[PDB]
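First up is the structure itself, then whatever we jot down about it.
Backbone-built Cβ (ideal geometry, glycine too); neighbour counts: all protein chains shown. Read-outs: derived from the displayed coordinates by stated rules, not from any lab.
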């Protein structure tokens, strides 16, 4: 966390800084989108 | 009299977490820097 790293979760590739937000991803939700309809939040598929 | 001071990054704005986007954006030349100087120039113009 708090470091610029490359993410790869269920094909949602990209580069960003990992942080902890209040996003409550349900068991079915894959990834979150920002105002620009771009991936801004993902979930570890191995463990919730 | 003036507006609120802001700093919008041309690279992240045009290309939100995308590597291939930045590769083609750099081919356009200084239009990225002009976007920063444009929005910043407005803020500097309000300071004038």
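Here are A:2, A:10: which of them is away from chain B (no Cβ under 12 Å), under 22 Å from residue B:19 (Cβ atoms) and surrounded by 10 or more Cβ atoms within 10 Å (Cβ to Cβ)? Step by step, each of A:2, A:10 is checked, and only A:10 is away from chain B (no Cβ under 12 Å), under 22 Å from residue B:19 (Cβ atoms) and surrounded by 10 or more Cβ atoms within 10 Å (Cβ to Cβ). Looking across region A:14-35 at every residue that is touching a strand residue (DSSP E or B) at 6+ places or on another chain (Cβ under 7 Å) and free of Cβ contacts under 8 Å to residues at least 12 places away in the same chain, the one that is farthest from the other protein chains (Cβ to nearest Cβ) is identified as A:32.
Of all the criteria given as (1) surrounded by 12 or more Cβ atoms within 10 Å (Cβ to Cβ); (2) within 10 Å of the chain's Cα centre (by Cα); (3) within 14 Å of chain B (Cβ to nearest Cβ), the one not satisfied by residue A:38 is (2). Of the residues that make up region B:14-34, is at least one closer than 28 Å to residue A:8 by Cβ, surrounded by 13 or more Cβ atoms within 10 Å (Cβ to Cβ) and in contact with a strand residue (DSSP E or B) (Cβ under 7 Å, 6 or more places away or on another chain)? Within region B:14-34, one or more residues are closer than 28 Å to residue A:8 by Cβ, surrounded by 13 or more Cβ atoms within 10 Å (Cβ to Cβ) and in contact with a strand residue (DSSP E or B) (Cβ under 7 Å, 6 or more places away or on another chain). Scan chain B for residues that are within 14 Å of chain A (Cβ to nearest Cβ) and not in a helix (DSSP H, G or I) and the total you get is 6.
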